[PDB]
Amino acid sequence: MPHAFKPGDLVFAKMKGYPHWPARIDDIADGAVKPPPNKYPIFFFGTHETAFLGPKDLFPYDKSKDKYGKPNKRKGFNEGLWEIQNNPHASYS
C-alpha cells in the first residue's frame, strides 16, 4: 500500500504547458529554502531545474513509465529519461 511522497522517490512531474516530465522528490539541504506547506521540491531530470509541486502533479515513475517515458522533442527531456533510468540518485549540481 502507498506511503506519502518522500525524498528519493522517482516520478513524472506535471507542469502547465509541459509533458509529464522525469523527476525526483529532492531533499532540502540544511540552510536551504523550504517549499510552501503541502508542496515538495521537485528536481526535473535533464533540465536540472527545481519547482515546488503538490501530489496532484506527481505520478510514481514505476506505474507511469509505460505511458510517459518515451522520447520527446522538448529540451532536456531525453537526457532526463536517461538520468531517471540510469542514475536517478546522483548529484547533478
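Start at 1 with the first residue shown and count on from there.
Relative to one another, 47 to 55 and 32 to 40 have unequal mean CA B-factors, and 32 to 40 is the one with the higher figure. In this crystal structure, the stretch out of 1 to 9 and 84 to 92 whose C-alpha atoms carry the higher mean B factor is 1 to 9. Among all modelled residues in this chain, the alpha-carbon of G76 has a temperature factor (C-alpha) in the middle third.
Placement of the Cα temperature factor of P19 within the chain: middle third of the modelled residues, per the deposited record.
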